[PDB]
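As structure tokens, the structure follows; a few thoughts come after it.
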Amino acid sequence: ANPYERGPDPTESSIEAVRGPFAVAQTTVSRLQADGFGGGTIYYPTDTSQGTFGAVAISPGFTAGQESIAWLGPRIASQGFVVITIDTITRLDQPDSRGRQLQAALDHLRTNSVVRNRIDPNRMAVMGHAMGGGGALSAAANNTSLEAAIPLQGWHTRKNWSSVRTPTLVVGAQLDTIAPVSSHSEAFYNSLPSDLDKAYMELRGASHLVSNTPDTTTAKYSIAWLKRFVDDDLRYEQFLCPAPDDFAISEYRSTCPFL
Ligand SMILES: [Mg+2]
């Protein structure tokens, strides 16, 4: 019996839902209260009766604020996660810095009075959009204990991610002209270790800014990935292996079976 399983058995509809089975509450971390990042919003399940939850930190991209990623916070948290959407120290911070700030945001959750008793501090993940996705890769590349990483239209000057030991879902936008997949997302997938649990999901017809408003394909497979690897929840492998056949996906490849 997997002690980290939360919520009822999933369906495609349940992972597409704008809100999952867990009611969510939120608390704000001010910039003055945030050591090593720019503040943020923490979304968490109020129901404690099934146990503690894994934690996820999400970074926006260059010049962007929390607003651009906020919709991910409650949508993911309501599936059974404590999720912090961050602001960065400055709007101009580059990817390695954003990765360090993602780690700082996770470290913050460990002692946050509102959520300390709701998180399993051993089970943590990182996500981000654009330079924030490069940040998520960098955070994993500097911390092999992270359980999942999800760069969304990630941008980074570093193309070699052989240091990453964290299961990673690389989400590309087919028509991205800012972080084009051929030189960013797909290059990242290809240099992640060949034996890592990993996947590349390309969003058909999508531009760079697909992640800045609700996108059901992004949410449903981000949720499945976090469930599968932050919770070791084998009930979600069905959505990842074999490749999704959604029309909204133009390309997909993975190191399935994860088991
Ligand atoms: Mg289908």
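In what follows, residues are counted from 1 in the order of the sequence shown.
From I223, atom CD1 reaches atom CD1 of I76 across 6.0 Å, with rounding to the nearest 0.5 Å. With values rounded to the nearest 0.5 angstrom, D246 atom CG is found 10.0 Å from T216 atom OG1. The OG atom of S207 sits 9.0 Å away from atom CD1 of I178, with the distance rounded to the nearest 0.5 Å. Rounding to the nearest 0.5 angstrom, the gap separating the OG atom in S162 from the CG atom in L192 is 9.0 Å. Note that the CG atom of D87 and the OG atom of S30 stand 11.0 Å from one another [nearest 0.5 Å]. With rounding to the nearest 0.5 Å, the separation of CG in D232 from OH in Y4 is 7.5 Å.
Judged by distance alone, the side chains of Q103 and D107 do bring a donor and an acceptor atom under 3.5 Å apart. Side-chain atoms of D96 and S138 form a donor-acceptor pair, as typed in the model, at a separation below 3.5 Å. Counted by atom type alone, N143 and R165 present zero donor-acceptor pairs between their side chains at under 3.5 Å. Residues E147 and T166 have side chains that never bring a donor and an acceptor to within less than 3.5 angstrom of each other. Residues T88 and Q101 bring no donor and acceptor atom of their side chains to less than 3.5 Å of each other.
Counting heavy atoms from C-beta outward, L109 and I42 have side chains that approach closer than 4.5 Å. Residues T218 and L203 have side chains in contact (heavy-atom distance under 4.5 Å, counting atoms from C-beta outward). You'll find the side chain of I84 stays beyond 4.5 Å of the side chain of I58, heavy atoms only. Taking the side chain as every heavy atom from C-beta outward, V24 and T46 never approach each other to under 4.5 Å. A 4.5 Å side-chain heavy-atom check between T255 and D195 finds every atom pair outside the cut-off.
Counting only distance, with no hydrogens or angles, the side chain of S78 and the backbone of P74 share a donor-acceptor pair below 3.5 Å. Under the 3.5 Å distance criterion, the side-chain polar atoms of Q94 are matched with a main-chain donor or acceptor of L92. At least one donor-acceptor pair closer than 3.5 Å links the side chain of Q66 to the backbone N or O of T41. The backbone N or O of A199 sits nowhere less than 3.5 Å from a side-chain atom of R253 that would complete a donor-acceptor pair. A donor-acceptor pair under 3.5 Å links the side-chain atoms of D93 to the main chain of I89, judged by distance alone. No donor-acceptor distance shorter than 3.5 angstrom exists from the side chain of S68 to the backbone of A64, with no hydrogens or angles considered. Remark: side-chain polar atoms of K159 are paired, donor with acceptor, to backbone N or O of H156 under 3.5 angstrom. The backbone N or O of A173 lies less than 3.5 Å from no partner atom in the side chain of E202, so there is not a single donor-acceptor pair. A donor-acceptor pair under 3.5 Å is formed between the side chain of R75 and the backbone N or O of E16. Judged purely by atom type and a 3.5 angstrom limit, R228 has no side-chain atom pairing as donor or acceptor with the backbone of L234.
Test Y44, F22, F81 against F53 for ring pair (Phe, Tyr, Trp, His ring centres under 6.0 Å) and you get one pass: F22.
Between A148 and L226, the shortest heavy-atom contact is CB-CD2, 4.2 Å.
Classification of the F188-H184 ring pair by plane angle, with boundaries at 30° and 60°, yields perpendicular. The aromatic rings of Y200 and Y189 lie tilted to each other, with the angle between the two planes from 30° to 60°.
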Legend entry - Steps toward side-chain contact (heavy atoms from CB on, under 4.5 Å) verdict (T48, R118): CA-CA 7 Å; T48 61; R118 305 168 186 283; 3.4 Å; yes
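Hydrophobic clustering of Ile, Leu, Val, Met, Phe, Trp and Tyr side chains at less than 4.5 Å, counting indirect connections, keeps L169 apart from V164. Cluster annotation: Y252 and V170 are assigned to distinct hydrophobic clusters (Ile/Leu/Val/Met/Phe/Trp/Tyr, side-chain heavy-atom contacts under 4.5 Å, transitive). One hydrophobic cluster, built from ILVMFWY side chains closer than 4.5 Å, holds both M127 and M201. The hydrophobic cluster containing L146 also contains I119, counting ILVMFWY residues as joined when their side-chain heavy atoms lie under 4.5 angstrom apart, directly or transitively. In the hydrophobic cluster analysis, where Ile, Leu, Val, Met, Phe, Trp and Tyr join through side-chain heavy atoms closer than 4.5 angstrom, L152 is grouped together with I249.
Checked for salt-bridge contact, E237 and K227 miss the test: no charged N lies under 4.0 Å from a carboxylate O.
Judged as a salt bridge (charged side-chain N to carboxylate O under 4.0 Å, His left out), the pairs with a partner in residues 122-134 (not counting sequence neighbours) are, in order, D120-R123, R123-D231.
Within a 6.0 Å sphere centred on CZ of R204, heavy atoms belonging to other residues, nucleotides or ligands number more than 12.
If you look at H129 and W155, their ring centroids are not closer than 6.0 Å. Here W225 and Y221 keep their ring centres 6.0 angstrom or further from each other.
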Donor-acceptor pairs under 3.5 Å, side chain of residues 5-12 to any protein atom, not counting sequence neighbours: which ones?
{"from": "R6", "atom 1": "NE", "to": "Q50", "atom 2": "O", "distance (Å)": "3.4"}
{"from": "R6", "atom 1": "NE", "to": "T52", "atom 2": "O", "distance (Å)": "3.0"}
{"from": "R6", "atom 1": "NH1", "to": "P3", "atom 2": "O", "distance (Å)": "2.8"}
{"from": "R6", "atom 1": "NH1", "to": "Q50", "atom 2": "O", "distance (Å)": "3.3"}
{"from": "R6", "atom 1": "NH2", "to": "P3", "atom 2": "O", "distance (Å)": "3.4"}
{"from": "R6", "atom 1": "NH2", "to": "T52", "atom 2": "O", "distance (Å)": "2.8"}
{"from": "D9", "atom 1": "OD1", "to": "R235", "atom 2": "NH1", "distance (Å)": "2.9"}
{"from": "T11", "atom 1": "OG1", "to": "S13", "atom 2": "N", "distance (Å)": "3.3"}
{"from": "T11", "atom 1": "OG1", "to": "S14", "atom 2": "N", "distance (Å)": "3.0"}
{"from": "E12", "atom 1": "OE2", "to": "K220", "atom 2": "NZ", "distance (Å)": "2.7"}

